[PDB]
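Enquirer: Quick one: this structure, given as structure tokens, is what I'll be asking you about.
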Amino acid sequence: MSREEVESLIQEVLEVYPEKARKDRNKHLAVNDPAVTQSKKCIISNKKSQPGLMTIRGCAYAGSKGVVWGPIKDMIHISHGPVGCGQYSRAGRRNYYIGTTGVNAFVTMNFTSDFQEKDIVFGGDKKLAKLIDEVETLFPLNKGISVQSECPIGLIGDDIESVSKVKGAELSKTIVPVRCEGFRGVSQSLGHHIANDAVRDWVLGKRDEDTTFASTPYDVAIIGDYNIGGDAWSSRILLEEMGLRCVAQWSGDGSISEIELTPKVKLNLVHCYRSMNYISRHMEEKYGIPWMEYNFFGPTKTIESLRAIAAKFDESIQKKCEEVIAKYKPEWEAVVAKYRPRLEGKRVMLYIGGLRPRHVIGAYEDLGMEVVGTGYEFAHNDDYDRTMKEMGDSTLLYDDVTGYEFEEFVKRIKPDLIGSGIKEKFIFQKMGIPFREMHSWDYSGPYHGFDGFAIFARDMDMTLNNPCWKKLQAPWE
Amino acid sequence: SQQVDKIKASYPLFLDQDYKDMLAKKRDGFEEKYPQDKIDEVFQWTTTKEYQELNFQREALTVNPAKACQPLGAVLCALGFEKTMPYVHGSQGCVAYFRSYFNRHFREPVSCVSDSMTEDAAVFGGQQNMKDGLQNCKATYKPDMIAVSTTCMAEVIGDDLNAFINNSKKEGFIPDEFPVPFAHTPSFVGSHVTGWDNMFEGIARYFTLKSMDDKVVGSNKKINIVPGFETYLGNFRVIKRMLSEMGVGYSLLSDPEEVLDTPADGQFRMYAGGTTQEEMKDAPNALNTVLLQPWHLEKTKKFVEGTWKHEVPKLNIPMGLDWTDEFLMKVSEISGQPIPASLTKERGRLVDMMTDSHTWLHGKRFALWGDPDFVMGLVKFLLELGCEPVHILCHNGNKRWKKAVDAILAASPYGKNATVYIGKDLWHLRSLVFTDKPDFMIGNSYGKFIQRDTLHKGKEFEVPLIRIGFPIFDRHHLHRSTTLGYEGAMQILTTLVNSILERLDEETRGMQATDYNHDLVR
Amino acid sequence: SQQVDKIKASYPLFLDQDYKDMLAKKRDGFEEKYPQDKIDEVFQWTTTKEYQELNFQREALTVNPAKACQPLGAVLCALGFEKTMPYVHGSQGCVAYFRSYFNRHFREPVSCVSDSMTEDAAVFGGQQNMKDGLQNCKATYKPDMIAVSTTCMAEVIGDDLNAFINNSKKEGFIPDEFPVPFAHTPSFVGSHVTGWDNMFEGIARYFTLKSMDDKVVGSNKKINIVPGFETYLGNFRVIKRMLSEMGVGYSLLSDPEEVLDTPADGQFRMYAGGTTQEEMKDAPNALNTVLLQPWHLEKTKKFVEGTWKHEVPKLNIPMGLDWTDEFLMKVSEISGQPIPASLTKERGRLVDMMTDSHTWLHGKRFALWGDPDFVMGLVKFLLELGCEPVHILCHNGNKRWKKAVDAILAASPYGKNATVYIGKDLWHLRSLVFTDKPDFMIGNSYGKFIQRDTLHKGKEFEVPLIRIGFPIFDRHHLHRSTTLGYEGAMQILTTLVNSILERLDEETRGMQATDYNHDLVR
Ligand code: ICS
Ligand code: CLF
Ligand SMILES: [Fe+3]
Ligand SMILES: [Fe+3]
């Protein structure tokens, strides 16, 4: 609304900053124009953060370990380096898995080298080999090892690839090294790229020559769904109701066996483009498997995506798909009939790192809710190309927004709800603005599919309308 | 399938028949999972003494540590000063993790700033990063002080903090009179409490080492209290309360409780409370300086005894009855103020609770892990209550602390079946509680998994966890509790006795089986 | 058989095989127990809805009541005055039971005497008992005042207290100036809170009825506080603290917090603190009188309005956010003192906690029982938290109270489910929680059996109990909790949210079954 007022708002936030910081931050703020189809012409992204501005993005170690490799259950992941880095990420992101922790599943643990001064000054390859042997003797049911590097690993002259090769030749075990040092890159995105390269280079080609797996013309692989609160299972129940066969999901509740069996599927359904587009492109180039993007946020996007998947198979798949949509129509219809009147016409401002701000919009608009501003901490240009067409006219778009900028933006716009990372959760609750933790579904969920849309609507209703947001002001002032 | 009038979240939606069948199909078809009997046999093997020997022969692998890296404590210490911005030289993922950790513990906004160091900096240093970051932070968040802590990456590449700060000041990036204390906090040394110590020492040296000309010991008639790494606001509150009713003059150094407890009234306050720079400058003019947690305030004690010429008393942490008595008597001796009748009545009420709750407490076995001073104070209180601390674990302890705890245990007849472990982690404690079963565990939220493991072996083998320590993530508003003094002792006693009583209530709730002992009166 | 190293109490000693065989032999041979299948059938029948219609139908039989008799409240009220001995005119079993009840709740000595009326007094009245008891108690325990209550035996006899005490004074058993206030407290009228009201009115009328000539309202610039039947010491403490932080002169009338919490220092104090006779005498000089629990202070309200000429404000119990705000506003208006910044910060902190815990609290179903004012304050707080009180039970509530509570539930969308029950006991509540399962119960220790019953039907039908109210017997030191004020509200919030989180943790602890939701962070 009133582009000139939004432009005046942006400029006023820019004025406090020094000249260099203002010049850099000018290009990361934009006003959405749906007609514009090239993001680089108005908004820029994937640049180095400005120092001392209270940024929000993480490191490459986060994007590799806690995002890609972490949720793989039967692997053991070693945070190579000092203790704290692996301690802060233990069970901090919830990816649901079915297993016995300590025996065959090790997701919610912290294996670390626990570097000391002697390791810093003398290296840690010997300690790495001893650690591998200790892991082998104490955890005999682990089907593979991952070694995620921290900053001093790359900074000192340590060689983990040779150790990995030697130990994997000795114990006949898959041991992958990941050069996911935090100082590499500008955010968690390069962590995604490095982790995908590691998966391609050490895990994907294990079962290339093996052809003892029976293949079905309805074989699909889920890529980029990390089962946050049970999201992947909610998508998979719909997919198997469509009559397809899911051989793998990457990488929430995932295993090394499904990763190795992935090249045998007929189609690659990529849920998160940003984190796992590289592996899908490599798969299409090598094995000739097509990959396509789907969106299960909201009944409208879920139905459209299901029809899109059915349009790539035979007539029975389309028939069974139509049957699933008819079977689940009344449930989401009742959910809408219950929760739309209490959320219609409310405005939200969301800041999530990649995929989710464009994805979540369909679920919000379905509940009659308008997104009056959206941003990505680490998303590339193509994410913005999708966002512009997915976004309403004359809305605000931000890249790598800082605490001050986001604070002033919400103070001037006054949204009814904010969806954001925990770093901003208590900041915006103290202002009386209802807040929803998009990264962890606020310890609720799942949100995907017809099963998750009810939970999404219920959570939105309870946060938007509460008997607390009306009591921030003492009635004697 | 979801009913509109009764919606189910992940538990127990995924216990539905179709979801169970889908998960079974996935596992049977594509997971290539080990057979269940093999899993059960490996689990049973993990709970035996041979596994304990193998796990205690570990030399290189660490599983489930009970400590954090150095700069976290430095950030917490920096948060305790008025309008002071914690600034960390290095990469930004460290700061993101610190803010997330403290947000999850305190459920409060935590503000930290980073220079966003990158691989191009690794080869050329972070001088330009420091200059730009200092200028931007000062211009953006308007602090009265920026406190600098170093990431392990900055320490490895050997960044000189003093030279970079001086060059930033000289070239006009920041005013030359702007206070910018710095501390070197290598994450490969010690733990977070060492970071708190390093940052406090750096700030104190920044404000007082140069000005020794006009400082007279005992001039302002005040006592300096250094709390150390503390994550209970009630501890600061109780320390301030006991001195104020006493009427002794006091000066709390580095207290973040006002920042970590901010009212929700419609506005966000980035800064709140703290200790003024005037207090830091006037610090050497005090009669003495008291350290609440001596076993990680070591360099601070060295600096205070060397530069301030203060005779720091040999006081333990004021945890329990006897140590609170000693702390109160030492403050009375230093300040010349008598101990009031209110303190006496509070102590008497603590003794009354001890006498009323003694029969349930007596002979109970506890396994405890935590920071050295907190662990030792807990051991002292447990021995005072007639409890038996069996497995005492401190990942970041040292040999001297272990000797002190051994002496404390030997001084009481209840420490006979007690072993102190230093440098061990929570997998070692898992083995210890599987092979030598205690009655309860005492520790932070990371013990919730150990309980789970014990419950998998059997209900009669389950070890319930009592959440006393840092961090607590799965419970709400426990950071408002108190641990120090008579009030903290009362709270800890209530928690212990009522945990025992809830466990007994659970064990005897079986109709016609065990409910003959389901007593109304306990 | 016992092992000297591991000695076993009744649980689990009677779970040994020989004891099991002994009990089986006894039951099979001599008990003539009903078949176990018949017992299970009758239990399942007691669960159902047709049983609930039979249980609701009863107009005479009371099963597991939720109230006591008047002299208990009379003794509690009398205990709140300085150097005052509670004196119950009647049989000694009453006094023994009162003392045991209060000893079990407070875990503190409770001093009370009787005149031990027997068949002799049953035939010829108890005047000689009164004379001898007054003289004996005054000579032996040396009180400054004796407050006289009655048991049901005295009321049926028709013994009158005024003539007996006047004859005691006239015949030289006690000095004519010795204060002996009295009240008639029939156990067949009302409940214990009614007895508290009667005793307080008796004392106030004794000290402030024959000298109204020189009393000027507002001359001492103080506000009278009448707490009512209160079994939480934190409530007295929080009222005192809130009024002291506000610079408001106040007189707490009948505060027993000192004698109910005395230090253990090697000596026993029969008396400690309490409202002084001078404060009672000067009470009509106060600006106004506020009643903390209006719904069981009615005769006291009539006396204060019609004799002291005080315009008693229409206030609810200061529980929750809104009613605490209203209480502070009324105090500010009456005393002419502004609300300080400390109270504003405390209220903001409470709002912060509410917004932090709102996601877990939203939509939880609660079944609660207790005294009228406490129940209505708890329902109000539950409504402000987004919780659903579905079963509201008050054994000692009337129809006006029910109308007020229904009006309170009407002004919120969270009271659509709610229904209010008066005159119903805890067997009715067991039927209610079986046929309409809530998430939790909120009540005293007597609910622990209801939980037991639910657990017998199955773990998915278990309704955990939360212990707030009177009396609490199976937990230690919970009487030191605060229910009143922002402090009480945040304590209640912590208890509720952590009980919910503990229940979720227990449910999601099964390895490979439900532990996918066993989250570290909540
Ligand atoms: S992987 Fe990425 S930051 Fe695509 S690193 Fe991050 S579980 Fe976010 S916006 Mo946490 S690119 Fe997933 C994400 Fe989105 S951890 Fe989760 S919520 S959809
Ligand atoms: S940017 Fe990323 S999270 Fe930061 S260190 Fe670097 S890889 Fe790691 Fe782990 S150990 Fe502690 S927290 Fe750091 S200071 Fe040294
Ligand atoms: Fe908070
Ligand atoms: Fe007691």
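Naming scheme: A, B, ... for chains in displayed order of the structure tokens; residues 1 onward per chain; ligands 1 onward as shown.
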Which residues are near ligand 3 in this structure, taking near to mean any atom at most 6 Å from a ligand atom and counting only C-alpha atoms and all ligand atoms? Format them as a PyMOL selection string.

Expert: (chain B and resi 107-108) or (chain C and resi 352-353+356)

Enquirer: Deliver the residues from the most recent selection as a file, using C-alpha atoms, as a compact mmCIF listing (two decimals), in the first residue's frame.

Expert:
# COMPACT_ATOMS: atom_id res chain seq x y z
CA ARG B 107 13.04 -17.22 27.47
CA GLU B 108 14.16 -13.59 27.18
CA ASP C 352 5.70 -11.82 30.12
CA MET C 353 5.35 -15.26 31.70
CA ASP C 356 5.80 -17.23 27.24

Enquirer: Which residues sit within 8 Å of ligand 2, counting only C-alpha atoms and all ligand atoms, listed as JSON, numbers by chain?

Expert: {"A": [58, 59, 60, 61, 62, 81, 82, 83, 84, 85, 86, 87, 88, 149, 150, 151, 152, 180, 181, 182, 183], "B": [68, 69, 70, 71, 72, 90, 91, 92, 93, 94, 95, 96, 97, 98, 150, 151, 152, 153, 186, 187, 188]}

Enquirer: Write out the residues from the selection above, keeping C-alpha atoms, as a JSON list (two decimals), in the first residue's frame.

Expert:
[["chain", "number", "residue", "atom", "x", "y", "z"],
["A", 58, "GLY", "CA", 24.26, -19.09, 10.95],
["A", 59, "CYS", "CA", 27.44, -20.74, 9.69],
["A", 60, "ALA", "CA", 28.24, -23.45, 7.16],
["A", 61, "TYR", "CA", 28.56, -25.96, 10.00],
["A", 62, "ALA", "CA", 24.92, -25.35, 10.89],
["A", 81, "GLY", "CA", 36.84, -29.53, 16.87],
["A", 82, "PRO", "CA", 36.09, -27.78, 20.16],
["A", 83, "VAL", "CA", 33.18, -28.85, 22.32],
["A", 84, "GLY", "CA", 30.80, -25.89, 22.27],
["A", 85, "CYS", "CA", 29.88, -25.92, 18.59],
["A", 86, "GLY", "CA", 28.41, -29.42, 18.74],
["A", 87, "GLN", "CA", 26.84, -28.73, 22.13],
["A", 88, "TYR", "CA", 24.76, -25.75, 20.98],
["A", 149, "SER", "CA", 34.61, -29.89, 10.39],
["A", 150, "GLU", "CA", 34.55, -26.80, 12.60],
["A", 151, "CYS", "CA", 36.56, -23.60, 12.20],
["A", 152, "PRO", "CA", 39.91, -24.68, 13.73],
["A", 180, "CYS", "CA", 31.81, -27.41, 6.66],
["A", 181, "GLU", "CA", 33.99, -24.90, 8.50],
["A", 182, "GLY", "CA", 31.85, -22.07, 9.80],
["A", 183, "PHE", "CA", 33.96, -19.30, 8.28],
["B", 68, "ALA", "CA", 29.97, -25.24, 26.68],
["B", 69, "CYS", "CA", 32.74, -23.30, 24.99],
["B", 70, "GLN", "CA", 34.50, -20.26, 26.42],
["B", 71, "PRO", "CA", 32.86, -17.20, 24.73],
["B", 72, "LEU", "CA", 29.36, -18.05, 26.05],
["B", 90, "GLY", "CA", 34.98, -14.12, 14.72],
["B", 91, "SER", "CA", 32.30, -15.86, 12.71],
["B", 92, "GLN", "CA", 28.57, -15.27, 13.15],
["B", 93, "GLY", "CA", 27.38, -18.86, 13.65],
["B", 94, "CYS", "CA", 28.95, -18.80, 17.10],
["B", 95, "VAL", "CA", 26.88, -15.74, 18.03],
["B", 96, "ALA", "CA", 23.73, -17.27, 16.54],
["B", 97, "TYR", "CA", 24.24, -20.37, 18.70],
["B", 98, "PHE", "CA", 24.92, -18.27, 21.81],
["B", 150, "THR", "CA", 37.10, -14.07, 20.68],
["B", 151, "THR", "CA", 35.84, -17.10, 18.72],
["B", 152, "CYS", "CA", 38.15, -20.15, 18.46],
["B", 153, "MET", "CA", 38.66, -19.19, 14.76],
["B", 186, "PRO", "CA", 39.90, -19.52, 23.35],
["B", 187, "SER", "CA", 37.15, -22.12, 23.10],
["B", 188, "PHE", "CA", 39.70, -24.96, 23.24]]

Enquirer: Fewer than 3 positions away in the same chain doesn't count, so skip those; otherwise give me all residues within 6 Å of region 385-398 of chain C, counting only C-alpha atoms, as a list in words.

Expert: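 My reading of the contact set: residues 66, 362, 363, 364, 365, 366, 367, 368, 369, 370, 372, 382, 401, 414, 417, 418, 419, 420, 421, 422, 423 and 424 of chain C.
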
Enquirer: Could you list, as a PyMOL selection string, all the residues within 9 Å of ligand 4, counting only C-alpha atoms and all ligand atoms?

Expert: (chain B and resi 349+352-356) or (chain C and resi 103+106-109+260-264+477)

Enquirer: Distance cut-off 7 Å, counting only C-alpha atoms - which residues of chain B neighbour chain C? Return them as a list in words.

Expert: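 Close to chain C, chain B has residues 11, 262, 263, 264, 265, 345, 348, 349, 351, 352, 445, 452, 456, 473, 474, 475, 476, 477, 494, 497, 498, 501, 509, 511, 517, 520, 521 and 522 of chain B.
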
Enquirer: Using only C-alpha atoms, find the one residue out of A:242, A:56, A:107, A:221 that sits nearest to chain B.

Expert: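 Nearest to chain B: A:56.
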
Enquirer: Show me which residues sit within 7 Å of ligand 1 when counting only C-alpha atoms and all ligand atoms, and put them as an NGL selection string.

Expert: :A and (63 or 67 or 93 or 188 or 224 or 226 or 228 or 272 or 274-275 or 352-356 or 438-440)

Enquirer: Go ahead and dump the residues you just picked, N, CA and C atoms, as a CSV table (one decimal), in the first residue's frame.

Expert:
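Generated file (result_8.csv):
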chain,number,residue,atom,x,y,z
A,63,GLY,N,24.4,-25.3,8.5
A,63,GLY,CA,23.7,-25.8,7.3
A,63,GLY,C,24.1,-27.2,6.9
A,67,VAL,N,21.3,-29.4,9.5
A,67,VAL,CA,20.3,-29.4,8.5
A,67,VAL,C,20.3,-30.7,7.7
A,93,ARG,N,17.2,-28.6,16.7
A,93,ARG,CA,16.3,-28.6,15.5
A,93,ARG,C,15.6,-30.0,15.7
A,188,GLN,N,24.1,-20.4,6.1
A,188,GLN,CA,23.9,-21.8,6.1
A,188,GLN,C,23.8,-22.4,4.7
A,224,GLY,N,14.6,-33.0,0.4
A,224,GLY,CA,14.4,-31.7,1.0
A,224,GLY,C,13.3,-31.6,2.1
A,226,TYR,N,12.6,-32.6,5.9
A,226,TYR,CA,13.4,-33.0,7.1
A,226,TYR,C,12.5,-33.4,8.3
A,228,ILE,N,10.2,-32.1,10.1
A,228,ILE,CA,10.2,-31.2,11.3
A,228,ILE,C,8.8,-31.4,11.9
A,272,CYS,N,12.4,-28.9,-0.6
A,272,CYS,CA,13.2,-27.7,-0.4
A,272,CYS,C,14.2,-27.6,-1.6
A,274,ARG,N,16.1,-24.9,-2.1
A,274,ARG,CA,17.4,-24.2,-1.7
A,274,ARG,C,18.4,-25.1,-1.2
A,275,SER,N,18.0,-26.0,-0.3
A,275,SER,CA,19.0,-26.9,0.4
A,275,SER,C,19.5,-28.0,-0.5
A,352,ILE,N,11.8,-15.9,7.4
A,352,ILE,CA,12.3,-17.3,7.5
A,352,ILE,C,13.5,-17.5,6.5
A,353,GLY,N,14.5,-18.3,6.8
A,353,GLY,CA,15.7,-18.3,5.9
A,353,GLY,C,15.6,-18.7,4.5
A,354,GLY,N,14.8,-19.8,4.2
A,354,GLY,CA,14.6,-20.1,2.7
A,354,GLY,C,13.4,-21.0,2.5
A,355,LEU,N,12.8,-20.9,1.3
A,355,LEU,CA,11.6,-21.8,0.9
A,355,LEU,C,10.3,-21.5,1.7
A,356,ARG,N,10.4,-21.5,3.0
A,356,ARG,CA,9.2,-21.4,3.8
A,356,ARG,C,8.4,-20.1,3.6
A,438,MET,N,8.3,-20.0,13.3
A,438,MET,CA,8.2,-20.8,12.0
A,438,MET,C,9.3,-21.9,12.0
A,439,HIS,N,10.5,-21.7,12.5
A,439,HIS,CA,11.5,-22.7,12.3
A,439,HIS,C,11.2,-24.0,13.0
A,440,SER,N,10.6,-24.0,14.2
A,440,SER,CA,10.3,-25.2,15.0
A,440,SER,C,8.8,-25.4,15.2

Enquirer: Which polymer residues have any atom within 8 Å of an atom of region 371-384 of chain A, counting only C-alpha atoms, with same-chain residues fewer than 6 positions away left out, as a short mmCIF file (atom, residue, chain, number, x, y, z; two decimals) with N, CA and C atoms, in the first residue's frame?

Expert:
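The result, written out as part11.cif:
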data_model
loop_
_atom_site.label_atom_id
_atom_site.label_comp_id
_atom_site.auth_asym_id
_atom_site.auth_seq_id
_atom_site.Cartn_x
_atom_site.Cartn_y
_atom_site.Cartn_z
N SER A 39 14.78 -10.83 -10.28
CA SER A 39 14.99 -10.31 -8.93
C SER A 39 16.23 -9.42 -8.85
N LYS A 40 17.28 -9.75 -9.61
CA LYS A 40 18.52 -9.00 -9.52
C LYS A 40 18.34 -7.53 -9.89
N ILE A 44 18.98 -7.72 -4.08
CA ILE A 44 20.20 -8.51 -4.13
C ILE A 44 20.29 -9.35 -2.86
N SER A 45 21.03 -10.45 -2.95
CA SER A 45 21.08 -11.41 -1.85
C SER A 45 22.39 -12.19 -1.94
N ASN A 46 22.59 -13.08 -0.96
CA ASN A 46 23.75 -13.97 -0.89
C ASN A 46 25.06 -13.18 -0.87
N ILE A 56 21.31 -12.50 11.75
CA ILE A 56 20.52 -13.64 12.16
C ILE A 56 21.00 -14.96 11.56
N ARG A 57 21.76 -14.93 10.47
CA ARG A 57 22.16 -16.15 9.79
C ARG A 57 23.20 -16.92 10.61
N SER A 187 26.55 -17.86 5.15
CA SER A 187 25.35 -18.30 5.85
C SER A 187 25.29 -19.82 5.78
N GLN A 188 24.14 -20.39 6.13
CA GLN A 188 23.94 -21.83 6.12
C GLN A 188 23.82 -22.42 4.72
N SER A 189 23.70 -21.58 3.68
CA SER A 189 23.48 -22.09 2.33
C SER A 189 24.70 -22.85 1.81
N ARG A 274 16.14 -24.86 -2.06
CA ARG A 274 17.36 -24.15 -1.70
C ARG A 274 18.42 -25.10 -1.16
N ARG A 347 -3.09 -9.44 9.07
CA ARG A 347 -1.88 -9.23 8.30
C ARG A 347 -0.66 -9.76 9.05
N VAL A 348 0.22 -10.44 8.32
CA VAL A 348 1.39 -11.07 8.91
C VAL A 348 2.66 -10.57 8.24
N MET A 349 3.77 -10.65 8.97
CA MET A 349 5.10 -10.28 8.41
C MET A 349 6.05 -11.42 8.76
N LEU A 350 6.56 -12.16 7.77
CA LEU A 350 7.36 -13.37 8.12
C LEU A 350 8.83 -13.25 7.70
N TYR A 351 9.74 -13.66 8.59
CA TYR A 351 11.18 -13.70 8.23
C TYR A 351 11.73 -15.11 8.48
N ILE A 352 11.83 -15.93 7.42
CA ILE A 352 12.33 -17.34 7.53
C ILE A 352 13.46 -17.50 6.51
N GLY A 353 14.50 -18.29 6.80
CA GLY A 353 15.70 -18.30 5.93
C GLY A 353 15.57 -18.74 4.48
N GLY A 354 14.85 -19.81 4.15
CA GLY A 354 14.63 -20.14 2.73
C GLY A 354 13.38 -20.97 2.48
N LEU A 355 12.77 -20.89 1.29
CA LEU A 355 11.63 -21.79 0.91
C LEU A 355 10.34 -21.48 1.68
N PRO A 357 8.95 -18.86 3.52
CA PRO A 357 8.08 -17.68 3.38
C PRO A 357 7.21 -17.74 2.12
N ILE A 361 2.85 -19.07 2.37
CA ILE A 361 1.86 -18.02 1.96
C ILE A 361 0.55 -18.71 1.54
N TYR A 364 -1.61 -19.48 4.52
CA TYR A 364 -2.12 -18.23 5.16
C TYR A 364 -3.30 -17.67 4.35
N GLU A 365 -3.10 -17.43 3.05
CA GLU A 365 -4.16 -16.91 2.19
C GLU A 365 -5.38 -17.82 2.20
N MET A 391 3.96 -13.28 -4.25
CA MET A 391 3.67 -12.24 -3.28
C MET A 391 2.69 -11.21 -3.84
N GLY A 392 1.94 -10.58 -2.94
CA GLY A 392 1.02 -9.54 -3.34
C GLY A 392 1.72 -8.24 -3.70
N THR A 395 4.19 -4.93 -1.48
CA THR A 395 4.59 -5.48 -0.19
C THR A 395 6.10 -5.34 -0.02
N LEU A 396 6.56 -5.50 1.21
CA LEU A 396 7.95 -5.25 1.56
C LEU A 396 8.73 -6.56 1.52
N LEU A 397 9.93 -6.51 0.96
CA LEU A 397 10.80 -7.67 0.82
C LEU A 397 12.16 -7.33 1.41
N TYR A 398 12.67 -8.19 2.28
CA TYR A 398 13.95 -7.93 2.92
C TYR A 398 14.87 -9.14 2.84
N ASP A 399 16.17 -8.86 2.74
CA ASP A 399 17.21 -9.88 2.67
C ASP A 399 18.24 -9.61 3.75
N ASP A 400 18.52 -10.63 4.57
CA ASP A 400 19.48 -10.54 5.66
C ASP A 400 19.16 -9.34 6.56
N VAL A 401 17.88 -9.21 6.90
CA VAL A 401 17.45 -8.08 7.71
C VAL A 401 18.13 -8.14 9.08
N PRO A 415 2.03 -5.28 12.02
CA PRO A 415 1.30 -6.48 11.60
C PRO A 415 0.54 -7.11 12.75
#

Enquirer: To one decimal place, how far is CA of residue 52 (chain C) from CA of residue 454 (chain C) in Å?

Expert: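 A separation of 14.9 Å between them.
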
Enquirer: Skip residue 225 (chain B) itself and residues of its chain fewer than 6 positions away, then list as a ChimeraX atom specification all residues within 7 Å of it, counting only C-alpha atoms.

Expert: /B:251-253,289-291

Enquirer: Between CA of residue 62 (chain B) and CA of residue 112 (chain A), what is the distance, to one decimal in Å?

Expert: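 Straight-line distance from CA of residue 62 (chain B) to CA of residue 112 (chain A) works out to 5.4 Å.
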
Enquirer: Residues at most 12 Å from residue 32 (chain B), counting only C-alpha atoms, excluding those fewer than 6 positions away in the same chain, as a PyMOL selection string?

Expert: (chain A and resi 74+104+143+247-248+254-261) or (chain B and resi 24-26)

Enquirer: Since we have the selection now, will you write its residues out, keeping N, CA and C atoms, as a short mmCIF file (atom, residue, chain, number, x, y, z; two decimals), in the first residue's frame?

Expert:
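Result saved to result_20.cif:
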data_model
loop_
_atom_site.label_atom_id
_atom_site.label_comp_id
_atom_site.auth_asym_id
_atom_site.auth_seq_id
_atom_site.Cartn_x
_atom_site.Cartn_y
_atom_site.Cartn_z
N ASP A 74 20.96 -43.57 11.22
CA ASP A 74 21.93 -44.63 11.52
C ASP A 74 23.38 -44.20 11.35
N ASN A 104 20.88 -48.06 17.41
CA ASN A 104 20.88 -47.91 15.96
C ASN A 104 20.54 -46.51 15.48
N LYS A 143 25.64 -47.65 10.89
CA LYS A 143 25.85 -47.93 9.47
C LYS A 143 26.46 -46.72 8.77
N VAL A 247 10.69 -44.58 -2.00
CA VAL A 247 11.86 -45.37 -1.66
C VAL A 247 12.76 -44.65 -0.66
N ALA A 248 12.81 -43.32 -0.71
CA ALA A 248 13.69 -42.55 0.15
C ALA A 248 13.06 -41.21 0.50
N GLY A 254 15.72 -40.19 7.65
CA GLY A 254 16.39 -40.83 6.55
C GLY A 254 17.51 -41.74 7.00
N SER A 255 17.90 -42.65 6.11
CA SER A 255 18.94 -43.62 6.39
C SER A 255 19.87 -43.71 5.19
N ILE A 256 21.07 -44.24 5.43
CA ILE A 256 22.05 -44.38 4.36
C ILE A 256 21.55 -45.33 3.27
N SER A 257 20.70 -46.29 3.65
CA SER A 257 20.18 -47.24 2.67
C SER A 257 19.26 -46.56 1.66
N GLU A 258 18.37 -45.69 2.14
CA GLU A 258 17.48 -44.98 1.23
C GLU A 258 18.25 -43.99 0.36
N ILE A 259 19.27 -43.34 0.93
CA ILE A 259 20.12 -42.47 0.12
C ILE A 259 20.79 -43.25 -0.99
N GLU A 260 21.29 -44.45 -0.68
CA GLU A 260 21.94 -45.26 -1.71
C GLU A 260 20.94 -45.81 -2.73
N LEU A 261 19.71 -46.09 -2.30
CA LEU A 261 18.68 -46.62 -3.19
C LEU A 261 17.97 -45.53 -3.99
N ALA B 24 5.74 -48.88 9.30
CA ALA B 24 6.16 -50.27 9.21
C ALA B 24 6.54 -50.64 7.78
N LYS B 25 5.76 -50.18 6.80
CA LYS B 25 6.09 -50.44 5.40
C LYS B 25 7.43 -49.82 5.03
N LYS B 26 7.64 -48.56 5.44
CA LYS B 26 8.91 -47.88 5.16
C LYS B 26 10.08 -48.65 5.75
#

Enquirer: So which residues touch region 126-140 of chain B within 10 Å, counting only C-alpha atoms, skipping near sequence neighbours fewer than 6 positions away, as JSON, numbers by chain?

Expert: {"A": [16, 17, 18, 19, 20, 21, 22, 50, 51, 52, 53, 54, 403, 404, 405], "B": [85, 87, 88, 89, 90, 113, 114, 115, 116, 117, 118, 120, 146, 148, 154, 157, 158, 159, 160, 161, 163, 164, 165, 166, 167, 168, 169, 171, 172, 173, 174, 175, 178, 180]}

Enquirer: Enumerate the residues of region 234-268 of chain B with a DSSP assignment of alpha helix (DSSP H), computed from the backbone, and present them as a PyMOL selection string.

Expert: chain B and resi 234-246
